[PDB]
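I'd like to ask some things about the structure below.
The figures here come from the full heavy-atom set of this structure, side chains too, leaving out hydrogens, waters and symmetry mates. Note that the numbering runs from 1 along the sequence shown for the chain.
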Amino acid sequence: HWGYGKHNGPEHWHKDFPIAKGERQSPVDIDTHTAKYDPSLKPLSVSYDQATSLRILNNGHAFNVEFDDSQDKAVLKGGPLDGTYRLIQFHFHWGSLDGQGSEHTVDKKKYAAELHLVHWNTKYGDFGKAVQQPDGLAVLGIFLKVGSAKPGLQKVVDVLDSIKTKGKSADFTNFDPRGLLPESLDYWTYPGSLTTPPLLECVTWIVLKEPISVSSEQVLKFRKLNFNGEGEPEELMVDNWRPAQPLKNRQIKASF
Ligand SMILES: COc1cc(O)c(/C=C\C(=O)O)cc1[C@@H](O)CC(C)C
Ligand SMILES: [Hg+2]
Ligand SMILES: [Hg+2]
Ligand SMILES: [Zn+2]
């Protein structure tokens, strides 16, 4: 089954998921000199005050922090979005070394990691119905660079020991995702896809310009995770990122 290695990685995904060669695939390179300021974009509203995390899961490719989305709590609206999108989970993509890890790139620059906060459009009733629509999802993308520690990330970091191998989960209630946001909300936005199979083209991407800093010690703990299940040969969970895909004359808009 699909992964990130030589034999099941991004170059292979098209065989089981033909949309891998589609018209609105993610991630993409953000050419800052081609992206245009869009005066018509409303302000972005990120309302994560009443967010309810439930648990953290190693799913064999990354870890998902999952939220209770059975009610309008943590919501994304404004910007390029119409209506309300509900936070369902967040996860990261990261590298084996600080010079790679992000999915989106900025003028070809790769960051050490990238955070994806995944939201589904409430007009569609549930996540499963949302992923059958071109405007079903909104993902908030936040770059990670290595420098000073991110205090709001440390609760995630310390729990990773308990979810080392594929299929392990842990109770992870009362996590506040506001602690992962950079100061500025300037962003780029384009229509795209989820970056893991089935790579559904349902996403309005909102990628923040300002990276957060995490410490080397913090990213190193990400890298101690396992792709394999308990008691199998150890495959370190690293380089779980899909490279940049053809823009196919979509248009990236700047909020600034
Ligand atoms: C919007 O995404 C989701 C929607 C979802 O409904 C679920 C649900 C269950 C679970 O993972 O056990 C997960 C996710 C994420 O877990 C994506 C995963 C392939 C990294
Ligand atoms: Hg997986
Ligand atoms: Hg879709
Ligand atoms: Zn992602």
> Going by atom types alone, do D171 and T173 pair a side-chain donor with an acceptor below 3.5 Å?
Replying inline: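 Side-chain D/A pair, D171 to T173: absent.
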
> Taking atom types as modelled, is there a side-chain donor on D29 or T105 under 3.5 Å from an acceptor on the other?
Replying inline: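 Side-chain D/A pair, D29 to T105: present.
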
> Out of curiosity, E230 CD to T165 OG1, how far, rounded to the nearest 0.5 Å?
Replying inline: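 So the CD of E230 and the OG1 of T165 are separated by 5.0 Å.
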
>> Walk me through whether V203 and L194 qualify under side-chain contact (heavy atoms from CB on, under 4.5 Å).
In response: CA-CA 7 Å; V203 188; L194 296 152; 4.0 Å; yes

> With a cut-off of 6.0 Å (strictly less than), are more than 12 heavy atoms of other residues, nucleotides or ligands near NZ of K248?
Replying inline: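 Yes, the 6.0 Å shell around NZ holds more than 12 heavy atoms from other groups.
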
>> Count I, L, V, M, F, W, Y as connected when their side-chain heavy atoms are under 4.5 Å apart, and connections chain through other members. Are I88 and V65 then in the same cluster?
In response: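 No.
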
> For the atom pair CE (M237) and CG (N59), what is the distance rounded to the nearest 0.5 Å?
Replying inline: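 Those atoms lie 6.5 Å apart.
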
> What do the steps show when you test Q218 against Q154 for side-chain contact (heavy atoms from CB on, under 4.5 Å), and what is the final call?
Replying inline: CA-CA 7 Å; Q218 283 175 335; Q154 192 59 36; 2.9 Å; yes

> Are the side chains of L200 and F17 in touch, meaning some heavy atoms are under 4.5 Å apart?
Replying inline: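 The answer is no, as the side chains (C-beta and beyond) never meet within the 4.5 Å cut-off.
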
> Is it true that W205 and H116 have ring centroids separated by less than 6.0 Å?
Replying inline: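 Yes.
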
> Is a side-chain N or O of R55 found less than 3.5 angstrom from the main chain of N64, in a donor-acceptor match?
Replying inline: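 No; zero donor-acceptor contacts below 3.5 Å.
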
> Is atom CD of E232 surrounded by more than 12 heavy atoms (other residues, nucleotides or ligands) closer than 6.0 Å?
Replying inline: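 Counting other residues, nucleotides and ligands, CD of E232 exceeds 12 neighbours.
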
>> Does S26 form a side-chain hydrogen bond (donor to acceptor under 3.5 Å, both in side chains) with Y190? I'd like the steps, not just the answer.
In response: CA-CA 10 Å; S26 296; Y190 74 98; 2.8 Å; yes

>> Determine whether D72 and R86 satisfy the following criterion, salt bridge (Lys or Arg N to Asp or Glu O under 4.0 Å), listing intermediate values before the conclusion.
In response: CA-CA 7 Å; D72 256 346; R86 261 188 223 174; 2.7 Å; yes

>> For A112 versus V146, what's the shortest heavy-atom pair and its separation?
In response: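 What the structure gives for the nearest pair is CB-CG2, 3.8 Å.
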
>> Heavy-atom count check: over 12 atoms from other residues, nucleotides or ligands less than 6.0 Å from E234 CD?
In response: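 Correct, the count exceeds 12.
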
> With distance as the sole test, does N58 use its side chain to make a donor-acceptor pair with the main-chain N or O of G60 at under 3.5 Å?
Replying inline: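 Yes; judged by distance alone, with no hydrogens or angles, the pair exists.
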
> Within 45° of the six-membered ring axis of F256 and under 6.0 Å from that ring's centre, is NZ or CZ of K209 located there?
Replying inline: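 Flagged: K209 positioned over aromatic ring of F256.
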
>> Tell me whether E103 is salt-bridged to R242, with the criterion being a basic N under 4.0 Å from an acidic carboxylate O.
In response: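 No, this pair does not count.
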
> When rounded to the nearest 0.5 angstrom, what distance separates NZ in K42 from OG in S255?
Replying inline: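 Rounded to the nearest 0.5 Å, the NZ-OG separation comes to 13.5 Å.
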
> Linking I/L/V/M/F/W/Y whenever any side-chain heavy atoms sit under 4.5 Å apart, do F143 and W241 land together?
Replying inline: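 Different hydrophobic clusters.
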
>> So that I can tick it off, tell me whether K145 and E210 are bridged by a salt bridge, with the cut-off set at under 4.0 angstrom between side-chain N and carboxylate O.
In response: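 Judged by the 4.0 Å cut-off on N to carboxylate O distance, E210 and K145 do not form a salt bridge.
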
> Please walk me through it: do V28 and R250 pass side-chain contact (heavy atoms from CB on, under 4.5 Å)?
Replying inline: CA-CA 10 Å; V28 295; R250 284 166 280 173; 3.5 Å; yes

>> If I compare all heavy atoms of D82 with all of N121, which pair ends up nearest, and what's the gap?
In response: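 Closest pair (atom of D82, atom of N121, distance): O-ND2, 4.2 Å.
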
> Side chains of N228 and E235: donor-acceptor distance under 3.5 Å anywhere?
Replying inline: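 Note: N228 and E235 side chains miss the donor-acceptor criterion.
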
> When rounded to the nearest 0.5 angstrom, what is the spacing between CG in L57 and NZ in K166?
Replying inline: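 Rounded to the nearest 0.5 Å, the CG-NZ separation comes out at 9.0 Å.
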
> Closest approach of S184 and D186, non-hydrogen atoms and distance?
Replying inline: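 Looking at all heavy atoms of both residues, the closest pair is OG-N, 3.2 Å.
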
> Going by an N to O cut-off under 4.0 Å, is there a salt bridge joining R223 and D98?
Replying inline: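 Salt bridge flag = yes for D98 with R223.
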
>> If the test is ring pair (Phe, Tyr, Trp, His ring centres under 6.0 Å), which one of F222, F227, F90, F172 qualifies with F63?
In response: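 Testing each of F222, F227, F90, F172 against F63, the sole residue satisfying ring pair (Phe, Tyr, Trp, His ring centres under 6.0 Å) is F222.
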
>> Is the terminal nitrogen or CZ of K109 (NZ for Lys, CZ for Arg) located under 6.0 angstrom from the six-membered ring centre of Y111 and within 45° of that ring's axis?
In response: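 Yes, a cation-pi geometry holds between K109 and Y111.
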
> Does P191 reach the side chain of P134, with side-chain heavy atoms less than 4.5 Å apart?
Replying inline: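 When only atoms from C-beta onward are counted, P134 and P191 do not touch, as no gap falls below 4.5 Å.
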
> Does the side-chain contact (heavy atoms from CB on, under 4.5 Å) test come out yes or no for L225 and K164, once each step is laid out?
Replying inline: CA-CA 5 Å; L225 258 20; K164 184 171 161 89; 5.5 Å; no

>> Among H7, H61, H12, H14, exactly one meets ring pair (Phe, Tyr, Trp, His ring centres under 6.0 Å) together with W2. Which residue is that?
In response: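 Exactly one option meets the ring pair (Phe, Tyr, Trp, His ring centres under 6.0 Å) with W2, and it is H61.
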
> Do the side chains of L76 and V131 join up, straight or via other hydrophobic residues, at under 4.5 Å, putting them in one cluster?
Replying inline: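 Different clusters: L76 never reaches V131 through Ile, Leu, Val, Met, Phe, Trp or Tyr contacts under 4.5 Å.
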
> Side chain of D239, backbone of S96: donor and acceptor closer than 3.5 Å?
Replying inline: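 Indeed, once roles are kept as given, a pair shorter than 3.5 Å links the two residues.
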
> What distance separates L115 CG from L180 CG, expressed to the nearest 0.5 Å?
Replying inline: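 Rounded to the nearest 0.5 Å, the CG-CG separation comes to 5.5 Å.
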
> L247 versus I252: any side-chain heavy-atom pair under 4.5 Å?
Replying inline: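 SC-SC contact between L247 and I252 confirmed.
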
> Say you draw a straight line from NZ of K129 to CD of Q132; how long is it, rounded to the nearest 0.5 Å?
Replying inline: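 The distance works out to 5.0 Å.
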
>> Quick check against the 3.5 Å criterion: does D69 have a side-chain atom that pairs as donor or acceptor with the backbone of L87?
In response: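 No; judged by distance alone, with no hydrogens or angles, the pair does not exist.
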
>> Quick one: does any side-chain atom of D158 pair with a main-chain N or O of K155 as donor and acceptor, under 3.5 Å?
In response: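 No; zero donor-acceptor contacts below 3.5 Å.
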
>> Taking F175's backbone N and O only, do any of them form a donor-acceptor pair with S53's side chain (distance below 3.5 Å, no angle check)?
In response: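 Here the side-chain-to-backbone pair exists.
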
> Where is the tightest heavy-atom contact between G147 and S213, given as atom of each residue plus distance?
Replying inline: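 Here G147 and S213 meet closest at N-CB, 4.4 Å.
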
>> On a heavy-atom basis, which atom in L185 and which in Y187 lie closest, and how many Å separate them?
In response: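 Heavy atoms only, the tightest pair is O-CD2, 3.2 Å.
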
>> I'd like to know if the side chain of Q50 reaches the main chain of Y48, judged simply by a donor and an acceptor atom lying under 3.5 Å from each other, with no hydrogens or angles considered.
In response: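 Side chain of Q50 to backbone of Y48, a donor-acceptor pair under 3.5 Å: no, none is there.
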
> If you group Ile, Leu, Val, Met, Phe, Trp and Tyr by side-chain heavy-atom gaps below 4.5 Å, do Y4 and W94 land in one group?
Replying inline: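 Yes: a chain of side-chain contacts under 4.5 Å links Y4 to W94.
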
> Hey, is CG on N174 packed in by over 12 heavy atoms from elsewhere, all under 6.0 Å?
Replying inline: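 12 or below, so no.
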
>> Are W188 and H104 an aromatic pair, judged by ring center distance below 6.0 Å?
In response: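 No, the ring of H104 stays outside the 6.0 Å limit from the ring of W188, centre to centre.
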
>> Looking at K224, I'd like to know if its NZ atom is crowded, meaning that more than 12 non-hydrogen atoms belonging to other residues, nucleotides or ligands lie closer than 6.0 Å.
In response: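 No.
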
>> To check you understand the geometry: which heavy-atom pair defines the closest contact between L199 and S193, and what is its length?
In response: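 The pair with the smallest heavy-atom distance is O-CB, 3.7 Å.
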
> Can you tell me if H91 uses its side chain to pair, donor with acceptor, with the backbone of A62 under 3.5 Å?
Replying inline: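 Such a contact is absent between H91 side chain and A62 backbone.
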
> Linking I/L/V/M/F/W/Y whenever any side-chain heavy atoms sit under 4.5 Å apart, do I56 and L54 land together?
Replying inline: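 As far as the 4.5 Å side-chain criterion goes, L54 and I56 are not connected within one cluster.
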
> Is there side-chain contact between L44 and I206, with heavy atoms separated by less than 4.5 Å?
Replying inline: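 The answer is yes; the side chains approach within 4.5 Å.
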
>> Main chain of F92, side chain of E114: is a donor-acceptor contact present, judged purely on distance under 3.5 Å?
In response: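 No: the side chain of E114 does not pair with the backbone of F92.
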
